[PDB]
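> Task: produce atomic coordinates for the following.
(2 chains)
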Amino acid sequence: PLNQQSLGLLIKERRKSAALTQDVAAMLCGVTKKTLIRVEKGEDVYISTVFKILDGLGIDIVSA
Amino acid sequence: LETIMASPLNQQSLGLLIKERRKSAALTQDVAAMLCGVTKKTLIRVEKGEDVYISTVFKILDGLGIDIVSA
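Numbering: from 1, shown residues only, chains lettered A, B, ... in the order given. Okay, here it is:
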């Protein structure tokens, strides 16, 4: 089960697996690089931002 | 709810998931909010799919025993 930190790590791993820099990923997800960095580090942001990033990187989350 | 869980979550269906889980546990919004350590207003916002900080959502998911995972 995900928490705020492991969600960030998931996003980071998915981004790296897709061979995307933070700049390109940020551009693709429609957020600033700073914001993506915040999210990957597990720092607090609005849920909408997280969904923008999950959507942009093609990461699906579901109920266990 | 069986449609929600059968798909990847978005901001709205997450709220609906929370709502249905709360209802299945026979909890009012007041009691659930108390259990999750948030105000009723905040829980209502989350159930309606309105924007809040992710930490709040995790507080609510934890309090209601809802686990989310990567698909």
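> Would the longest helix along chain A count as contacting chain B?
When chain A is parsed with DSSP state H, its longest helix is helix A:4-17. Yes - interface with chain B: helix A:4-17 contributes A:4, A:7, A:10 (CB under 8 Å from any CB of the partner chain). For the C-beta atoms, the positions are set from N, CA and C on the backbone; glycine is no exception.
> Next one: residue A:40 from residue A:7, what distance?
9 Å (CB to CB, to the nearest Å).
> ok, back up a step: redo the residues of helix A:4-17 next to chain B as a markdown table? Include neighbour count.
As requested, these are arranged in a markdown table below (neighbours: other CB atoms under 10 Å in any protein chain shown):
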| residue | neighbour count |
| --- | --- |
| A:4 | 18 |
| A:7 | 22 |
| A:10 | 18 |
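> For residue A:46, state which of the residues you listed is nearest.
residue A:4 (12.8 Å; CB to CB).
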